[PDB]
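K.L.:
Structure below; questions to follow.
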Amino acid sequence: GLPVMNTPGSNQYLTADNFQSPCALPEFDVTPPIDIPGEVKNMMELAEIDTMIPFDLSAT
Amino acid sequence: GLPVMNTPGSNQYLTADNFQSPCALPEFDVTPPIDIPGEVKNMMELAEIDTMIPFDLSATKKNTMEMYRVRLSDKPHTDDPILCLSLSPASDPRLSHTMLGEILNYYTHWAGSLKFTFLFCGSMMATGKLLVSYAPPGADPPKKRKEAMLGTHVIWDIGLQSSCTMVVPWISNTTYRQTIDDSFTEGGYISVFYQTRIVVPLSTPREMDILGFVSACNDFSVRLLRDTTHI
Amino acid sequence: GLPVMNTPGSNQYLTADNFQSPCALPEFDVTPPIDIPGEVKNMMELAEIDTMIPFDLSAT
Amino acid sequence: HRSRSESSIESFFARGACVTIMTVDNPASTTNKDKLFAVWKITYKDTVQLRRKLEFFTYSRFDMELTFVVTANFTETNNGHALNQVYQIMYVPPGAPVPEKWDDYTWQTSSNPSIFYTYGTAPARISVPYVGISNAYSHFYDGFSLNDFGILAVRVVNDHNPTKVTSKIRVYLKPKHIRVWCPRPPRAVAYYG
Amino acid sequence: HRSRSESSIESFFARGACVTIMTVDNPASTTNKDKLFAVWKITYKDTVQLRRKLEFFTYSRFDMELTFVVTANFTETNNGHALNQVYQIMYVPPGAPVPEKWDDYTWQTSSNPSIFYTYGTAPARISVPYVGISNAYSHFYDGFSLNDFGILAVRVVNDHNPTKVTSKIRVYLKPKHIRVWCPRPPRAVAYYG
Amino acid sequence: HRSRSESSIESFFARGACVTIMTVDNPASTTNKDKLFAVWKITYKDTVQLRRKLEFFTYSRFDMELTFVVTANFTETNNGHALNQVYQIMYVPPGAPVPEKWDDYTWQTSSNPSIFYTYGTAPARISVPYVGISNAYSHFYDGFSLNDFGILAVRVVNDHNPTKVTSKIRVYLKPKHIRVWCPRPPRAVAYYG
Amino acid sequence: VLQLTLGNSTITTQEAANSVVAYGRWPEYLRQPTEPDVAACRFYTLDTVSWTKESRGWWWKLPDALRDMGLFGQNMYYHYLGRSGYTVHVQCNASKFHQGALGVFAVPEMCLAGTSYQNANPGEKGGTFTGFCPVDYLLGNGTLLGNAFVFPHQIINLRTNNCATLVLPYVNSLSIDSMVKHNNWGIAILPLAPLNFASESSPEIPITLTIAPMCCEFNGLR
């Protein structure tokens with residue numbers, strides 16, 4: 001068939017990698033989502049919130 | 001040639017996988033199909049069929065003809081219902097064995113409505129009234145006719161209409177319901193009471209029989225197949 | 001390179017298979033054909049010929 | 001009717017299902033019996049899940065994507081070493097003659113397609129098409145003189161082996177492109193064993 | 001706000017993370033106990049990094065790209081040789097029955113998808129989709145009668161093995177397509193052990 | 001005439017068919033005879049199925065997609081270990097000189113194409129084209145002074161091996177692009193052995 | 001009162017309202033054989049059966065029922081191949097004081113079980129279930145009878161309608177087939193609700209089958 005040449009970095013599982021994997025439930029129809037209020041899109045949204053500095057961190 | 005990089009998930013046989021496999025008979029010319037009548041395209045078509053609820057599953061009546069008939073005599077007229085059928089369609093042993101229940105034993109989740117049908121198989125002369133109640137989820141079933149009447153019900157005059165349909169509706173918090181719940185009876189309670197004791201004319205047998213049928217409605221659907229058949 | 005995923009049915013020799021194999025004589029210039037009379041295109045052509053039924057198949 | 005697909009006939013039937021475990025041996029010259037090769041007529045009537053599912057319906061057509069999972073092991077502790085074996089997985093189509101010896105004429109026959117699976121590689125696979133003489137497989141036939149899908153024969157190709165090596169081949173039939181006709185009351189799980 | 005992406009919810013959660021080490025044994029006929037197969041209900045509530053990250057938020061949806069890293073070793077110094085093993089990695093979906101014996105009916109069942117991973121090849125991988133009955137996984141639920149993602153069962157398919165071969169399977173869950181809802185004060189690292 | 005294709009000349013002839021089993025040995029320095037290499041003149045006149053099919057017709061042209069299935073085994077129980085061997089499968093075209101020794105000049109010759117098949121990989125394969133001097137292979141020739149397709153020679157490339165390793169190479173000739181001419185009464189199966 | 005006719009036969013139907021076509025497919029000729037629609041397509045009324053209280057059921061195979069039945073039975077012996085749809089009128093004429101119900105189930109490939117030809121083929125008299133004789137609530141094969149209502153079927157509930165009609169198309173794996181060997185269809189009549197009646201009324205009501213072979217066509221005549 002189409003002649004290919006297996007490069008280095010083959011058969012390695014790089015945990016960072018992003019690929020198209022084969023789904024174990026191919027026929028399963030997923031429960032759709034809904035508009036739950038309070039969706040977060042970025043962690044920094046949680047840092048743009050005025051939380052409360054603890055000043056006195058003495059043992060007591 | 002073209003440089004490729006074998007990813008993970010290679011040389012694995014995932015039984016779920018869908019690929020183009022090499023045919024062992026490449027030249028063979030398949031016998032064409034024909035228009036056989038009765039083609040099925042979906043298993044739910046077999047659940048939209050009104051099969052027959054077995055009510056009496058006692059050791060004697062069960063696994064005979066008698067397990068489908070509910071007997072209506074004119075004996076001491078007690079308020080406890082003729083029958084009360086819980087709609088846990090796969091969990092309730094009665095509805096478990098219907099074709100609905102058969103297909104639902106092949107699936108983890110289901111949703112939709114169920115039409116029940118009660119058929120009076122008594123004398124053409126017999127007259128009376130049966131009250132067909134439906135208690136909704138959570139509600140403990142009615143014990144007396146009044147309690148049932150105050151809820152949802154249908155008074156069914158045997159004389160006039162010889163059958164009685166009732167489409168129990170879809171109600172669930174989730175989008176679906178498990179078929180093996182947490183051993184928790186919920187949802188349906190299709191009860192049938194006497195409103196009036198049955199009237200018969202001359203020497204007509206006071207013991208009649210009624211049959212009960214059940215079918216998934218059009219909206220009904222299942223998901224997440226679960227084969228469990230084994231030996 | 002191009003990430004590929006070796007499926008099952010790989011490195012199997014299915015005798016029925018049809019693929020593009022690498023020619024051992026890549027430069028060789030084949031002797032061309034000619035119009036020999038009597039080309040067969042299908043075995044059934046040989047069954048559309050009136051051969052001769054043997055009726056008496058006795059030992060003699 | 002929220003996307004009733006999952007109960008479509010394809011979704012219902014088309015699932016990988018082990019239909020048999022075929023055991024073969026290495027042609028060791030010690031005392032190896034006629035276990036040198038295994039033979040199995042393709043039939044759903046032994047596996048209960050697929051049988052019970054098909055017997056919902058009266059007639060059917062389906063291609064058949066068999067998959068083979070071979071796994072070997074040294075018999076005795078005299079392991080030492082042994083070179084990677086190759087297995088001939090012959091699919092004898094319907095009406096054809098089935099093997100009888102390890103090296104019958106049938107194994108070399110052009111007709112019978114055959115896989116040569118090397119151990120320790122990706123599982124082998126063929127796709128038998130619909131091989132019915134009828135226009136549909138009959139699961140119930142009220143009549144007088146069962147349908148044929150073929151035979152699978154399996155052997156080890158290697159010959160002069162010093163150590164015995166047992167090997168089981170799991171066949172994973174996945175019916176593909178199923179169509180079915182004339183639903184029926186499903187038989188009970190009770191009467192299959 | 002220089003390309004805040006790196007703190008996006010996808011970038012935050014979607015990372016390969018070992019959630020369990022499942023140990024199985026070879027079916028040697030010597031004294032092998034019920035370690036012949038391993039079972040593990042998919043759950044983040046044991047791994048602290050992923051747990052703590054998810055419990056920033058109240059609800060979530062996410063696909064799940066499990067990856068399996070199998071590594072074996074001879075138990076005793078009676079190594080000698082042993083043929084390349086194959087592992088059945090069955091993903092029992094939610095609400096389905098979990099295996100109990102090495103050769104329970106569940107392993108052959110059509111429903112349960114299964115990988116057949118040959119040793120010494122590329123790591124196996126499936127992608128479980130969102131298998132929630134709800135429209136979102138609830139990490140905190142003030143209510144009365146936890147969510148199900150499934151079970152992973154693992155066994156060695158080979159049978160008559162003379163030498164014992166232990167094998168650990170690292171599961172590398174990488175949640176994919178995450179969406180989350182209703183942020184919360186993060187629980188402290190203190191109370192997880 | 002419902003799709004007469006299956007009896008077309010291509011469908012009829014173009015089938016994988018084992019034409020020979022060539023046995024070679026490892027160059028062990030013990031007492032190995034001239035079995036170190038195997039030689040076989042490509043000829044259908046030994047296999048009966050293909051012969052009988054071709055001898056329906058008088059003349060023919062066809063490419064030739066040979067496929068090689070190599071399978072080895074340790075000779076004695078002194079197995080121990082032995083590294084993965086490599087096989088030189090040389091296709092000596094017509095009219096060229098055939099090898100005589102293990103390391104004749106012919107094996108290094110540029111002309112003769114050669115495969116270097118490593119054991120335990122996918123089966124090797126070449127496609128010999130039509131190598132006829134005539135414009136068609138003559139199966140019957142009433143005349144005076146048989147046709148040449150070539151020779152296949154096979155050896156193990158490895159040299160200093162301590163353990164003997166026999167190996168059989170199955171050649172699977174599949175004639176491709178066949179054309180035939182002048183049908184004939186088919187010879188009887190009776191007179192071929 | 002609809003009076004139906006087919007050549008030298010005539011039938012008195014109440015009216016063809018509660019008429020079930022099996023699988024929604026009307027009998028059709030093949031879209032090659034001869035079509036003896038001349039006189040073989042008529043009403044063959046079998047010998048009536050008596051439904052007592054104790055009855056468990058009855059069954060006929062098709063076309064094995066119509067094997068000794070005149071021209072159809074002739075055609076179906078002297079030809080090698082044939083195919084035929086049917087119209088089965090099950091009339092069950094009882095008074096207003098009898099009560100009960102009958103499930104009339106047309107069954108494709110109705111392989112019964114308690115095996116031999118004469119045993120699996122009762123002809124015109126039909127066979128009967130029993131609590132050989134197959135099990136009534138199984139139809140021989142170990143089925144729960146409620147599930148039977150997947151089959152093309154009709155109820156005859158004596159209070160309401162006293163007759164059913166089943167229009168059966170030709171169901172088979174093949175386009176045409178030998179009728180002498182292989183019975184495509186199978187009719188089973190089981191009493192869902194048992195018969196009962198007023199004190200000194202007729203203690204056994206009759207049931208009558210009328211079978212019109214529709215769109216029959218045969219090949220090749222010996």
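Ordering of the structure tokens sets the chain letters (A, B, ...), residue numbers begin anew at 1 in every chain, and ligands are numbered from 1 in the order given.
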Write out as a ChimeraX atom specification every residue belonging to chain B that has an atom at most 12 Å from any atom of chain F, counting only C-alpha atoms.

P.N.:
/B:24-32

K.L.:
Need to verify the contact set: residue 81 of chain F, 10 Å, only C-alpha atoms, exclusion of same-chain residues closer than 5 positions in sequence. Can you return it as a list in words?

P.N.:
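These residues fall inside the cut-off: residues 80, 81, 82 and 83 of chain D; 81 of chain E; 74, 162 and 163 of chain F.
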
K.L.:
Got a sec to pull out which chain F residues are within 8 Å of chain D, counting only C-alpha atoms, and send them as a VMD selection string?

P.N.:
chain F and resid 15 to 18 49 69 71 to 77 79 to 81 120 to 122 166 168

K.L.:
Next, write the just-selected residues to a file, as a CSV table (one decimal), in the first residue's frame, keeping N, CA and C atoms as the atom set.

P.N.:
```csv
chain,number,residue,atom,x,y,z
F,15,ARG,N,-5.9,-16.3,-7.5
F,15,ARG,CA,-6.0,-16.7,-6.1
F,15,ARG,C,-4.7,-17.2,-5.6
F,16,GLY,N,-4.5,-16.8,-4.3
F,16,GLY,CA,-3.3,-17.3,-3.6
F,16,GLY,C,-3.2,-18.8,-3.5
F,17,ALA,N,-2.1,-19.3,-3.9
F,17,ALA,CA,-1.9,-20.8,-4.0
F,17,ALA,C,-0.5,-21.1,-3.7
F,18,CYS,N,-0.3,-22.0,-2.7
F,18,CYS,CA,1.0,-22.4,-2.4
F,18,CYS,C,1.6,-23.3,-3.4
F,49,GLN,N,-3.7,-27.8,-8.9
F,49,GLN,CA,-4.8,-27.0,-9.0
F,49,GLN,C,-4.6,-25.9,-10.1
F,69,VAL,N,6.0,-16.8,3.1
F,69,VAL,CA,5.7,-17.0,4.5
F,69,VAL,C,6.7,-17.9,5.2
F,71,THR,N,8.8,-19.5,8.3
F,71,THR,CA,8.5,-20.1,9.6
F,71,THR,C,9.7,-20.9,10.0
F,72,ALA,N,10.3,-20.7,11.2
F,72,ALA,CA,11.5,-21.3,11.6
F,72,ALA,C,11.2,-22.1,12.9
F,73,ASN,N,12.2,-22.9,13.3
F,73,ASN,CA,12.2,-23.7,14.5
F,73,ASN,C,13.5,-24.3,14.8
F,74,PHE,N,13.9,-24.3,16.1
F,74,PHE,CA,15.1,-24.9,16.6
F,74,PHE,C,15.0,-26.4,16.3
F,75,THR,N,16.2,-26.9,15.9
F,75,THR,CA,16.2,-28.3,15.4
F,75,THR,C,16.3,-29.2,16.6
F,76,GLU,N,17.3,-29.1,17.5
F,76,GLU,CA,17.4,-29.8,18.7
F,76,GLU,C,16.9,-29.1,19.9
F,77,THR,N,16.8,-29.7,21.1
F,77,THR,CA,16.3,-29.1,22.3
F,77,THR,C,17.3,-28.1,22.9
F,79,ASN,N,17.9,-25.2,22.6
F,79,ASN,CA,17.3,-23.9,22.1
F,79,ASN,C,18.0,-22.7,22.7
F,80,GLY,N,17.9,-22.6,24.0
F,80,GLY,CA,18.7,-21.5,24.7
F,80,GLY,C,18.2,-20.1,24.3
F,81,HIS,N,18.5,-19.7,23.1
F,81,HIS,CA,18.2,-18.5,22.5
F,81,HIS,C,18.9,-18.5,21.1
F,120,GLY,N,9.5,-12.8,11.8
F,120,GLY,CA,8.5,-12.2,12.7
F,120,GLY,C,8.0,-10.9,12.3
F,121,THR,N,8.1,-10.6,11.1
F,121,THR,CA,7.5,-9.4,10.5
F,121,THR,C,6.4,-9.8,9.5
F,122,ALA,N,5.9,-8.8,8.7
F,122,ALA,CA,4.8,-9.1,7.8
F,122,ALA,C,5.4,-9.9,6.6
F,166,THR,N,16.1,-24.7,11.6
F,166,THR,CA,15.5,-25.0,10.3
F,166,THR,C,14.4,-24.0,10.0
F,168,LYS,N,11.2,-23.1,6.9
F,168,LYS,CA,10.4,-23.4,5.7
F,168,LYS,C,9.8,-22.1,5.3
```

K.L.:
Considering only C-alpha atoms, state which residue in the set D:143, D:193, D:93, D:99 is at the smallest distance from residue 128 of chain D.

P.N.:
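Once distances to residue 128 of chain D are computed over only C-alpha atoms, the minimum belongs to D:93.
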
K.L.:
What are the residues of chain A lining chain B at 12 Å or less? Count only C-alpha atoms, and put the answer as an NGL selection string.

P.N.:
:A and (1-15 or 17-34)

K.L.:
Quick one: residues within 7 Å of segment 35-42 of chain C, only C-alpha atoms counted, chain neighbours fewer than 3 positions away excluded, as an mmCIF file with C-alpha atoms, in the first residue's frame?

P.N.:
```cif
data_model
loop_
_atom_site.group_PDB
_atom_site.id
_atom_site.type_symbol
_atom_site.label_atom_id
_atom_site.label_comp_id
_atom_site.auth_asym_id
_atom_site.auth_seq_id
_atom_site.Cartn_x
_atom_site.Cartn_y
_atom_site.Cartn_z
ATOM 1 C CA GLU C 45 -17.916 -19.191 -22.542
ATOM 2 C CA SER F 7 -16.297 -16.933 -13.386
ATOM 3 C CA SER F 8 -14.307 -14.234 -15.101
ATOM 4 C CA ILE F 9 -10.758 -15.228 -15.904
ATOM 5 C CA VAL F 180 -5.743 -16.666 -21.685
ATOM 6 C CA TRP F 181 -6.390 -17.967 -25.169
ATOM 7 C CA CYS F 182 -7.736 -20.982 -27.049
#
```

K.L.:
Can you work out the spacing between atom CA of residue 133 of chain E and atom CA of residue 41 of chain B in Å, to one decimal?

P.N.:
26.3 Å

K.L.:
Extract, using only C-alpha atoms, all DNA, RNA and protein residues at most 9 Å from segment 71-85 of chain B, discarding same-chain residues fewer than 6 positions from it, and format them as a ChimeraX atom specification.

P.N.:
/B:55,92,94-95,141-145,188-194,197-199,205-210

K.L.:
Which distance in Å separates atom CA of residue 125 of chain F and atom CA of residue 61 of chain F, to one decimal?

P.N.:
20.1 Å

K.L.:
I'd like the interatomic distance between atom CA of residue 164 of chain G and atom CA of residue 104 of chain G, to a tenth of an Å.

P.N.:
7.6 Å

K.L.:
Just want the 6 Å neighbourhood of segment 159-173 of chain B, counted on only C-alpha atoms, with same-chain residues fewer than 3 positions away dropped. Output as a compact mmCIF listing (two decimals) with N, CA and C atoms, in the first residue's frame.

P.N.:
```txt
# COMPACT_ATOMS: atom_id res chain seq x y z
N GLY B 112 -39.85 7.74 28.77
CA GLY B 112 -41.07 7.84 28.00
C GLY B 112 -42.27 7.30 28.73
N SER B 113 -43.36 7.24 27.97
CA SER B 113 -44.67 6.93 28.49
C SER B 113 -45.04 5.49 28.18
N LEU B 114 -46.06 5.01 28.89
CA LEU B 114 -46.55 3.65 28.77
C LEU B 114 -48.06 3.70 28.67
N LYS B 115 -48.61 3.13 27.60
CA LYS B 115 -50.05 2.98 27.48
C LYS B 115 -50.44 1.61 27.99
N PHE B 116 -51.37 1.59 28.93
CA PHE B 116 -52.00 0.38 29.41
C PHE B 116 -53.38 0.27 28.80
N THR B 117 -53.85 -0.96 28.71
CA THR B 117 -55.16 -1.22 28.13
C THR B 117 -55.78 -2.38 28.89
N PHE B 118 -56.97 -2.17 29.41
CA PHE B 118 -57.70 -3.21 30.09
C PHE B 118 -58.90 -3.60 29.25
N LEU B 119 -59.07 -4.90 29.09
CA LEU B 119 -60.04 -5.46 28.17
C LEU B 119 -60.97 -6.35 28.96
N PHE B 120 -62.26 -6.05 28.89
CA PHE B 120 -63.26 -6.84 29.58
C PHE B 120 -63.68 -8.00 28.70
N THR B 127 -72.90 -5.38 33.12
CA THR B 127 -72.79 -3.94 33.26
C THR B 127 -72.26 -3.62 34.65
```
